[PDB]
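Peer 1: Below is the structure I would like to discuss, written out as structure tokens.
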Amino acid sequence: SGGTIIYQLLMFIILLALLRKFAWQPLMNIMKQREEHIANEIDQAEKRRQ
Amino acid sequence: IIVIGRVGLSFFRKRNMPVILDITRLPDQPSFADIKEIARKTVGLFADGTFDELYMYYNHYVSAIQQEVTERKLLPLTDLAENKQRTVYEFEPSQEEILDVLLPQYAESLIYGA
Amino acid sequence: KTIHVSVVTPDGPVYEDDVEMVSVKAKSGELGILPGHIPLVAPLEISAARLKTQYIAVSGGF
Amino acid sequence: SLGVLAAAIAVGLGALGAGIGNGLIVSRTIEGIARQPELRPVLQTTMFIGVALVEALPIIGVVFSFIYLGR
Amino acid sequence: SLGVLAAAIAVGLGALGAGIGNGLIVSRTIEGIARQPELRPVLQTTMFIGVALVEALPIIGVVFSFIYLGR
Amino acid sequence: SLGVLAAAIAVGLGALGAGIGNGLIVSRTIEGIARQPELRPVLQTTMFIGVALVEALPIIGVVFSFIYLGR
Amino acid sequence: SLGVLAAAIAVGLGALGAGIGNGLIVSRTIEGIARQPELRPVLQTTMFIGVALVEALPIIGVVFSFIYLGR
Amino acid sequence: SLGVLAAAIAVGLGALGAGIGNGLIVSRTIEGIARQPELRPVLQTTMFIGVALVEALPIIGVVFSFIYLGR
Amino acid sequence: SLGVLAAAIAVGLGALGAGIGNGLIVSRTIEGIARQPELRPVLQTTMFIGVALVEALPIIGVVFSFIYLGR
Amino acid sequence: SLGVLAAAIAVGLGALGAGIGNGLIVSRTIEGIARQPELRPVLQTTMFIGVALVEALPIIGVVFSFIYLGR
Amino acid sequence: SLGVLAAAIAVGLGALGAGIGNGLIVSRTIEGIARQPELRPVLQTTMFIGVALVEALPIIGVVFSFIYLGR
Amino acid sequence: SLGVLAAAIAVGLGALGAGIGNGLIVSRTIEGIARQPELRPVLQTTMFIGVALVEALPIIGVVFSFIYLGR
Amino acid sequence: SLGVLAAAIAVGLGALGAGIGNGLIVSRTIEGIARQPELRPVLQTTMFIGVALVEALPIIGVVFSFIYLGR
Amino acid sequence: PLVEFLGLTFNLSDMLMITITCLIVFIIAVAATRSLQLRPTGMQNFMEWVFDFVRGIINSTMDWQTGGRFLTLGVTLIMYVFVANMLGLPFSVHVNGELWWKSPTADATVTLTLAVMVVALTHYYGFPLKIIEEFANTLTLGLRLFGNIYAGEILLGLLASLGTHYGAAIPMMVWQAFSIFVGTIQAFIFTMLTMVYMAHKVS
């Protein structure tokens, strides 16, 4: 078997671990910002009509 | 204190307050020359780092009867309002040099309009 | 085509006409103005304004 | 033998110099007619005499490339 | 036997000169349409004739490279 | 033997010219959409036709690079 | 033997052209966001768009250099 | 034989491209922080992003120079 | 023989230098008579003496290329 | 044989890139300190880190030239 | 032997340097006359001594090209 | 045999890089002292530390070209 | 035998770098003259020490070129 | 690393990578579009964000009434090229044969036929200088995506071999983060230039 496969796959896994410690906080906050923004657009629209 | 007039000058000399600039005995119908030299001295004395701000005090001609008293802030130009059609110029040396030469003239025109 | 000149003092308007070439000089240097010019601001030096003719000497000036 | 790439380096360097100089001239003439449009014929006539003045020497470089290739 | 190297440096230097010249002309003309929009057609025509000049010298460079590789 | 190096200088000089031309065009359209951001499509279409020019002459250069390679 | 430095001048001129084009674009983006901070997301967006466009044609020179090293 | 010359001109043209691009972007960010000094962290962070994106292709030029040296 | 390569190179670099210098002088005189058109003859005449001054030495290189082609 | 020519062309291209890039950075920072002279330490720290980058890629270019000279 | 192309590449690089330097200085004399046309004597005398300065080292190079051609 | 030509291209490229770098630095400091005349000593001290800072690597390129001439 | 080529390219690259550097410094020192007349002595003293700086390395280059031709 | 083709006509491994990227794109699409929800959350908000992103790009290039049709071609094109660039990075396996399962976009024929398919579509919905500019922009788009993926593929592979044969984790880590950056930037410039030529030929 080749040696490069498990080597670069292991470092891809540890790169995803570093990107998990670094990167789950921004994009989940971007998705939460979009979700709260569209919930306020909809929620606001519903509230005002009533 | 920068007085324009003899009445205010004698007022602040009776009450012992420091008066730098003084201008005395204007015409009934004043042109831009006399107020130009004292407004140039005033704005250049702001530019020396002395005043750090200054205010005007005059009687606004609302009507023939009213003549309300206004406190107007001359410098710095923080309360500057935007016009209708905001257009962009090509600042020919640079914008900072034309501001360096132009904002004293705006302050002098404010003093002459007041 | 012509461009509309109006030299304005705090004391009042001095000159107002339609002049083809305006040849004022700034603090940097000369400026030759034709109709269709770019919007620009430039402070004038204490010298004559060449309007092509009638020459207007300005003081202060902008 | 090597006269063909002699001819070709002559044409290539002449084309590079003509390209850079002509690009500078044309770029300044369109920003000139952009900032004030009323002088388009004057600026185009002096631009065309300028580009003829630039490419005068690469064209004689091309005919010198011809007599290099013939060598 | 160096005609392939000849034609290739000719096409390469012509491409470099045309790239820099076209980059200068197009960059200054989009600055010209950016500072004022209302004569974009006036700017574009002089831009295209400048592109025509600064590529028409490397176009005859490319044709001369073809007759270089032919020899 | 030398056709490989011929194709190589052809693609290298084409890449250098296209890189400088595209860099100039996109640089000045960055400052164009920074001065006046409401002019983004009228800057963008002229940007892409300039990119088309400054690539399209090195693109026919790199198309010719393979027939340089074969010989 | 000659294909090695063929591939080398190809990747070198590609790196040179991409470096100059990327430098022009990125430098103008950061001076544009220095002019005003309110448009730095759209200027970073068009920055990466520009970096891709000027780093695109040198990398085809890179992979063609690998083709040249193959032959 | 030619591999060491190949490696050297590859890393040298990579150094030239990275030097010109980094010089442009760093020079414009220091004139940007000289223009508005309260924008210094945003300007230098986008400048380091620019250092990475102008030294993308010279760094791959360096490892391909090691490939060229190995052959 | 190699004197043909000598002469062509001299002719090519003279054309490149004259092209860049003439492009600079003509492009800046386009801007100069574009900003103040009433001055046009005196600055175009000193532009022409600058043209003769910037292409004096490439004509000397052309004559020396005739000498080198003779050798 | 070719190793000394390799080492020297690597040092030469690294020196030329460092010279142009550091010249751009130092020139713009002294004109920036000419604009606002109260920003001396910020401009000096930023020019020092920018020069550190622009030098440090030809620094590894120079040590790679040393291992080219060894081979 | 190859001293003829030695002499010619000395002539060519001297012509390129003199062309770029003379083009820059005489172009910005045109720009300075356009800014202020009443200092034409002092601008032209500083122009011509700058022309002497930029032209001096290529003329020294071309007389050494004469001493190089012989050898 | 090639060590003398190696030392020559090393000193020459270091000279060209130092020339462009010192030209940029002294040119921008001469317009800087042309703008604010009372800033002359600070501008000269930063200019001379910049000149030494940009000729740092060309002079070590020269003293490495000496051992290139030896080896 | 190639020492003549070595010395000639050393002189040529020194002349090209000195030409660009002197062109930059003389060009915007006459811009500084044209903006204001009264600083002519300090502008010319900084000018000539800049000429000394951008010509010093070039001078070293031509002396070392004579050393190379002696080798 | 030769072109392993079981059939003489066509590359077998490229067809395998096209099938696996079509199935993974289809299953992430149906996983993001499971049910209808008026309050977006989970992955449906992500699919709607990509949908409005493509729409925004269309709105930048053309009028919304003309370019409204292209939205569902554009979103599957950006997601298809996105996953097709990111497949080459994790595994890139080597078998005892020539080569198997690198990535689809590294094959030049795949990217050039995808670019000429794009331009065939924008001719279908829509004088020698114009047609040579057309063939120029086709081949520069295909060569753009092909080169900017294939150079990174070769570099990553080279790094993998240098590590396995004989300490070198962080250079390939920095390069691999830069390579997923190159993948998403190349997908975005590919779909954006697609919509630019679509807007240029429609209106």
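Naming works like this for the structure tokens: A, B, ... for the chains as they're shown, residue 1 at the start of each chain, ligands 1 onward in shown order.
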Could you list, as a ChimeraX atom specification, every residue within 8 Å of residue G:54, counting only C-alpha atoms and ignoring same-chain residues fewer than 6 positions away?
Peer 2: /F:18-20,22-23 /G:18,21-22
Peer 1: Report as a Markdown table the residues of stretch 6-70 of chain M within 9 Å of stretch 58-69 of chain K, each with its shortest atom pair and distance in Å (one decimal), using only C-alpha atoms, ordered by chain and increasing residue number.
Peer 2:
```
| residue | atom | partner | partner_atom | distance |
| --- | --- | --- | --- | --- |
| M:7 | CA | K:68 | CA | 8.5 |
| M:8 | CA | K:65 | CA | 7.1 |
| M:11 | CA | K:61 | CA | 6.1 |
| M:12 | CA | K:61 | CA | 6.9 |
| M:15 | CA | K:58 | CA | 5.6 |
| M:16 | CA | K:58 | CA | 8.0 |
| M:19 | CA | K:58 | CA | 8.1 |
| M:62 | CA | K:61 | CA | 8.5 |
```
Peer 1: To one decimal place in Å, what is the distance between atom CA of residue H:41 and atom CA of residue G:47?
Peer 2: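 Atom-to-atom, atom CA of residue H:41 to atom CA of residue G:47, that is 18.2 Å.
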Peer 1: As an exercise, work out the distance from atom CA of residue A:40 to atom CA of residue N:41 in Å and give it to one decimal place.
Peer 2: 13.9 Å
Peer 1: Least-squares fit on all C-alpha atoms, paired in order: put chain F onto chain K and return it as a compact mmCIF listing (two decimals) with N, CA, C and O atoms, in the first residue's frame.
Peer 2:
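After the write, part_3.txt holds the following:
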```txt
# COMPACT_ATOMS: atom_id res chain seq x y z
N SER F 1 34.82 37.25 -31.46
CA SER F 1 33.50 36.85 -31.95
C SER F 1 32.40 37.37 -31.04
O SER F 1 31.43 37.98 -31.50
N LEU F 2 32.56 37.14 -29.73
CA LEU F 2 31.56 37.57 -28.76
C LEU F 2 31.72 39.02 -28.35
O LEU F 2 30.84 39.55 -27.66
N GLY F 3 32.81 39.68 -28.75
CA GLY F 3 32.97 41.09 -28.44
C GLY F 3 32.00 41.98 -29.19
O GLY F 3 31.63 43.05 -28.70
N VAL F 4 31.55 41.53 -30.37
CA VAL F 4 30.52 42.25 -31.11
C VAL F 4 29.21 42.24 -30.33
O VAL F 4 28.58 43.29 -30.14
N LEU F 5 28.81 41.07 -29.84
CA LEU F 5 27.59 40.97 -29.04
C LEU F 5 27.75 41.69 -27.71
O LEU F 5 26.77 42.22 -27.18
N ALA F 6 28.97 41.74 -27.17
CA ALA F 6 29.23 42.48 -25.94
C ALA F 6 29.01 43.98 -26.13
O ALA F 6 28.30 44.62 -25.36
N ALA F 7 29.61 44.54 -27.19
CA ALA F 7 29.39 45.94 -27.54
C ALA F 7 27.92 46.21 -27.83
O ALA F 7 27.40 47.28 -27.49
N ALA F 8 27.22 45.22 -28.36
CA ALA F 8 25.83 45.39 -28.73
C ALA F 8 24.91 45.44 -27.51
O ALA F 8 24.03 46.30 -27.45
N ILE F 9 25.08 44.52 -26.55
CA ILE F 9 24.27 44.62 -25.33
C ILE F 9 24.64 45.86 -24.53
O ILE F 9 23.77 46.45 -23.87
N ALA F 10 25.90 46.30 -24.60
CA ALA F 10 26.30 47.51 -23.88
C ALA F 10 25.59 48.74 -24.42
O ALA F 10 24.98 49.50 -23.66
N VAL F 11 25.60 48.91 -25.75
CA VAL F 11 24.92 50.06 -26.34
C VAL F 11 23.40 49.92 -26.23
O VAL F 11 22.70 50.92 -26.05
N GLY F 12 22.87 48.69 -26.23
CA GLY F 12 21.43 48.52 -26.13
C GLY F 12 20.89 48.85 -24.75
O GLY F 12 19.89 49.55 -24.62
N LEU F 13 21.57 48.36 -23.71
CA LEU F 13 21.13 48.67 -22.36
C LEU F 13 21.39 50.14 -22.01
O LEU F 13 20.59 50.74 -21.29
N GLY F 14 22.48 50.73 -22.54
CA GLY F 14 22.68 52.15 -22.35
C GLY F 14 21.61 52.99 -23.03
O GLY F 14 21.15 53.99 -22.47
N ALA F 15 21.18 52.57 -24.22
CA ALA F 15 20.12 53.27 -24.93
C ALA F 15 18.79 53.14 -24.20
O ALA F 15 18.03 54.12 -24.12
N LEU F 16 18.51 51.97 -23.63
CA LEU F 16 17.26 51.76 -22.90
C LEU F 16 17.23 52.62 -21.63
O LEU F 16 16.22 53.28 -21.34
N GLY F 17 18.35 52.64 -20.89
CA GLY F 17 18.40 53.43 -19.68
C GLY F 17 18.34 54.93 -19.94
O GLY F 17 17.62 55.65 -19.25
N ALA F 18 19.06 55.40 -20.97
CA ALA F 18 19.02 56.81 -21.31
C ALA F 18 17.66 57.22 -21.86
O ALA F 18 17.20 58.33 -21.56
N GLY F 19 17.00 56.34 -22.60
CA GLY F 19 15.67 56.64 -23.10
C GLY F 19 14.64 56.76 -21.99
O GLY F 19 13.85 57.72 -21.98
N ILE F 20 14.66 55.84 -21.02
CA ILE F 20 13.70 55.93 -19.92
C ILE F 20 14.00 57.14 -19.03
O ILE F 20 13.07 57.86 -18.62
N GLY F 21 15.28 57.42 -18.75
CA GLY F 21 15.61 58.56 -17.91
C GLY F 21 15.26 59.89 -18.54
O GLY F 21 14.63 60.75 -17.90
N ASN F 22 15.65 60.08 -19.81
CA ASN F 22 15.29 61.29 -20.54
C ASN F 22 13.78 61.42 -20.71
O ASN F 22 13.25 62.53 -20.65
N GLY F 23 13.08 60.29 -20.89
CA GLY F 23 11.63 60.35 -21.01
C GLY F 23 10.96 60.81 -19.73
O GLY F 23 10.05 61.64 -19.78
N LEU F 24 11.42 60.31 -18.58
CA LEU F 24 10.88 60.75 -17.30
C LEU F 24 11.13 62.24 -17.06
O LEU F 24 10.22 62.98 -16.66
N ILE F 25 12.37 62.69 -17.32
CA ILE F 25 12.73 64.08 -17.05
C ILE F 25 11.94 65.04 -17.94
O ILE F 25 11.33 66.00 -17.46
N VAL F 26 11.91 64.76 -19.24
CA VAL F 26 11.24 65.68 -20.14
C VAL F 26 9.72 65.58 -20.00
O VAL F 26 9.02 66.59 -20.14
N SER F 27 9.19 64.41 -19.63
CA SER F 27 7.77 64.27 -19.32
C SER F 27 7.36 65.17 -18.17
O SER F 27 6.43 65.99 -18.29
N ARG F 28 8.07 65.08 -17.04
CA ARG F 28 7.64 65.88 -15.92
C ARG F 28 7.98 67.36 -16.11
O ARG F 28 7.32 68.20 -15.49
N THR F 29 8.92 67.71 -16.99
CA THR F 29 9.07 69.15 -17.23
C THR F 29 8.06 69.68 -18.24
O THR F 29 7.79 70.88 -18.23
N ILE F 30 7.46 68.81 -19.06
CA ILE F 30 6.28 69.21 -19.82
C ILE F 30 5.15 69.57 -18.87
O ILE F 30 4.55 70.64 -18.99
N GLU F 31 4.86 68.69 -17.91
CA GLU F 31 3.77 69.03 -16.99
C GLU F 31 4.16 70.17 -16.05
O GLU F 31 3.29 70.90 -15.57
N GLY F 32 5.46 70.37 -15.83
CA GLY F 32 5.90 71.53 -15.07
C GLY F 32 5.67 72.84 -15.79
O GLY F 32 5.18 73.80 -15.20
N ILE F 33 6.01 72.91 -17.09
CA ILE F 33 5.72 74.14 -17.84
C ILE F 33 4.27 74.22 -18.26
O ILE F 33 3.85 75.26 -18.79
N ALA F 34 3.49 73.16 -18.06
CA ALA F 34 2.05 73.25 -18.26
C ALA F 34 1.32 73.76 -17.03
O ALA F 34 0.31 74.46 -17.17
N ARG F 35 1.79 73.42 -15.83
CA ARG F 35 1.18 73.97 -14.63
C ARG F 35 1.53 75.45 -14.46
O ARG F 35 0.65 76.27 -14.17
N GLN F 36 2.80 75.80 -14.63
CA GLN F 36 3.27 77.16 -14.39
C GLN F 36 4.17 77.57 -15.53
O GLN F 36 5.40 77.37 -15.47
N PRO F 37 3.62 78.16 -16.60
CA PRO F 37 4.42 78.40 -17.81
C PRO F 37 5.43 79.53 -17.69
O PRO F 37 6.27 79.67 -18.59
N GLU F 38 5.38 80.34 -16.64
CA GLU F 38 6.37 81.40 -16.46
C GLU F 38 7.67 80.89 -15.84
O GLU F 38 8.58 81.70 -15.62
N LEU F 39 7.78 79.60 -15.56
CA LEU F 39 8.98 79.00 -14.99
C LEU F 39 9.76 78.20 -16.02
O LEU F 39 10.40 77.20 -15.68
N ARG F 40 9.72 78.61 -17.28
CA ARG F 40 10.33 77.85 -18.36
C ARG F 40 11.87 77.81 -18.31
O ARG F 40 12.42 76.73 -18.53
N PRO F 41 12.61 78.90 -18.04
CA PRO F 41 14.08 78.73 -17.97
C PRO F 41 14.56 77.97 -16.74
O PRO F 41 15.52 77.19 -16.83
N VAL F 42 13.92 78.18 -15.58
CA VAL F 42 14.36 77.52 -14.36
C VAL F 42 14.01 76.03 -14.39
O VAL F 42 14.69 75.22 -13.75
N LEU F 43 12.99 75.64 -15.15
CA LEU F 43 12.76 74.23 -15.44
C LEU F 43 13.71 73.72 -16.52
O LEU F 43 14.16 72.57 -16.44
N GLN F 44 14.06 74.57 -17.49
CA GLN F 44 14.80 74.11 -18.66
C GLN F 44 16.26 73.81 -18.33
O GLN F 44 16.81 72.82 -18.82
N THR F 45 16.89 74.65 -17.50
CA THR F 45 18.30 74.42 -17.16
C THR F 45 18.48 73.17 -16.31
O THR F 45 19.41 72.38 -16.53
N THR F 46 17.57 72.95 -15.36
CA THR F 46 17.60 71.73 -14.57
C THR F 46 17.25 70.50 -15.41
O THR F 46 17.81 69.42 -15.18
N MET F 47 16.37 70.67 -16.41
CA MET F 47 16.12 69.60 -17.38
C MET F 47 17.39 69.21 -18.11
O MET F 47 17.71 68.03 -18.22
N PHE F 48 18.15 70.20 -18.59
CA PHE F 48 19.34 69.87 -19.37
C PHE F 48 20.47 69.31 -18.51
O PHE F 48 21.23 68.48 -19.01
N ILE F 49 20.57 69.69 -17.24
CA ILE F 49 21.60 69.03 -16.44
C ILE F 49 21.18 67.60 -16.09
O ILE F 49 22.03 66.70 -16.00
N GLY F 50 19.87 67.34 -15.97
CA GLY F 50 19.42 65.97 -15.80
C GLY F 50 19.63 65.11 -17.04
O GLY F 50 20.00 63.94 -16.94
N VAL F 51 19.39 65.69 -18.22
CA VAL F 51 19.68 65.03 -19.49
C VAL F 51 21.17 64.73 -19.60
O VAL F 51 21.57 63.64 -20.04
N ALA F 52 22.01 65.67 -19.15
CA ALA F 52 23.46 65.47 -19.14
C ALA F 52 23.86 64.29 -18.27
O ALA F 52 24.69 63.48 -18.68
N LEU F 53 23.24 64.15 -17.09
CA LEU F 53 23.56 63.01 -16.22
C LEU F 53 23.12 61.68 -16.83
O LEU F 53 23.92 60.73 -16.97
N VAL F 54 21.83 61.59 -17.20
CA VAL F 54 21.26 60.34 -17.68
C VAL F 54 21.77 59.95 -19.06
O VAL F 54 21.53 58.82 -19.49
N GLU F 55 22.42 60.86 -19.78
CA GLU F 55 23.14 60.44 -20.97
C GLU F 55 24.60 60.13 -20.66
O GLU F 55 25.13 59.16 -21.19
N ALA F 56 25.23 60.91 -19.77
CA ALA F 56 26.66 60.81 -19.54
C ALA F 56 27.08 59.51 -18.90
O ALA F 56 28.25 59.13 -19.02
N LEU F 57 26.17 58.81 -18.20
CA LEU F 57 26.68 57.48 -17.84
C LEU F 57 26.53 56.47 -19.00
O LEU F 57 27.47 55.70 -19.25
N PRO F 58 25.41 56.41 -19.76
CA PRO F 58 25.44 55.62 -21.00
C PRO F 58 26.39 56.13 -22.07
O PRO F 58 26.76 55.35 -22.96
N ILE F 59 26.82 57.39 -22.03
CA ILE F 59 27.83 57.85 -22.99
C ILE F 59 29.19 57.23 -22.70
O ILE F 59 29.88 56.78 -23.61
N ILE F 60 29.58 57.13 -21.42
CA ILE F 60 30.84 56.43 -21.16
C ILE F 60 30.67 54.93 -21.35
O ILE F 60 31.64 54.24 -21.70
N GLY F 61 29.43 54.41 -21.22
CA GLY F 61 29.18 53.04 -21.63
C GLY F 61 29.39 52.81 -23.12
O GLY F 61 30.03 51.83 -23.53
N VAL F 62 28.90 53.72 -23.96
CA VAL F 62 29.05 53.53 -25.40
C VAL F 62 30.46 53.89 -25.87
O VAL F 62 30.90 53.42 -26.92
N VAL F 63 31.19 54.70 -25.10
CA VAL F 63 32.62 54.88 -25.37
C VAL F 63 33.37 53.59 -25.07
O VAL F 63 34.24 53.16 -25.84
N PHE F 64 33.00 52.90 -23.99
CA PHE F 64 33.62 51.62 -23.68
C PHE F 64 33.19 50.52 -24.66
O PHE F 64 33.90 49.52 -24.79
N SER F 65 32.06 50.71 -25.34
CA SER F 65 31.56 49.71 -26.29
C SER F 65 32.53 49.46 -27.44
O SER F 65 32.62 48.33 -27.93
N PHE F 66 33.30 50.46 -27.86
CA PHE F 66 34.24 50.22 -28.96
C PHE F 66 35.44 49.39 -28.52
O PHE F 66 35.94 48.57 -29.31
N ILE F 67 35.93 49.55 -27.29
CA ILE F 67 37.01 48.68 -26.84
C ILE F 67 36.46 47.30 -26.50
O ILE F 67 37.20 46.31 -26.49
N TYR F 68 35.15 47.20 -26.20
CA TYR F 68 34.53 45.87 -26.19
C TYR F 68 34.50 45.26 -27.58
O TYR F 68 34.64 44.04 -27.74
N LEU F 69 34.28 46.10 -28.60
CA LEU F 69 34.20 45.61 -29.98
C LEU F 69 35.55 45.09 -30.45
O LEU F 69 35.62 44.06 -31.13
N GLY F 70 36.63 45.81 -30.12
CA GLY F 70 37.94 45.45 -30.62
C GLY F 70 38.45 44.13 -30.08
O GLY F 70 39.11 43.37 -30.78
N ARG F 71 38.15 43.84 -28.82
CA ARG F 71 38.59 42.61 -28.18
C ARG F 71 37.64 41.45 -28.49
O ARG F 71 37.18 41.29 -29.62
```
Peer 1: Tell me, as a list in words, which residues lie within 8 Å of residue N:119, counting only C-alpha atoms; anything in the same chain fewer than 6 positions away does not count.
Peer 2: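 So the residues in contact are residues 138, 194 and 197 of chain N.
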Peer 1: What does the distance between atom CA of residue N:69 and atom CA of residue N:115 come to in Å, to one decimal place?
Peer 2: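 One can read the atom CA of residue N:69 to atom CA of residue N:115 distance as 19.3 Å.
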Peer 1: Would you pick out the contacts of stretch 7-18 of chain A at 7 Å or less, using only C-alpha atoms, so that residues sharing its chain but fewer than 3 positions from it are not included, and give the list as a compact mmCIF listing (two decimals) with N, CA and C atoms, in the first residue's frame?
Peer 2:
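Ended up saving to around_30.txt:
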```txt
# COMPACT_ATOMS: atom_id res chain seq x y z
N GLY A 3 1.98 5.11 1.06
CA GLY A 3 2.10 5.75 2.35
C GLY A 3 1.50 7.13 2.40
N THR A 4 1.30 7.74 1.23
CA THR A 4 0.84 9.12 1.16
C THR A 4 -0.62 9.26 1.56
N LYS A 21 -11.73 24.33 15.67
CA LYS A 21 -11.46 25.25 16.78
C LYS A 21 -11.46 26.70 16.33
N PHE A 22 -11.15 26.96 15.06
CA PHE A 22 -11.03 28.32 14.56
C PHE A 22 -12.31 28.84 13.91
N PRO N 90 -9.06 15.37 -0.17
CA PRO N 90 -8.92 14.40 0.92
C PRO N 90 -8.20 13.10 0.59
N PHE N 91 -8.63 12.35 -0.43
CA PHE N 91 -8.08 11.01 -0.61
C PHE N 91 -6.99 10.94 -1.69
N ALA N 160 2.65 15.04 -0.36
CA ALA N 160 2.28 13.75 0.23
C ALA N 160 3.41 12.74 0.07
N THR N 164 5.73 11.05 3.06
CA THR N 164 5.70 9.60 3.28
C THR N 164 7.07 8.96 3.08
N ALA N 169 4.26 18.66 8.09
CA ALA N 169 2.80 18.69 8.18
C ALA N 169 2.25 20.07 7.86
N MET N 173 -0.41 21.66 5.18
CA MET N 173 -1.60 22.17 5.84
C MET N 173 -1.94 23.58 5.35
```
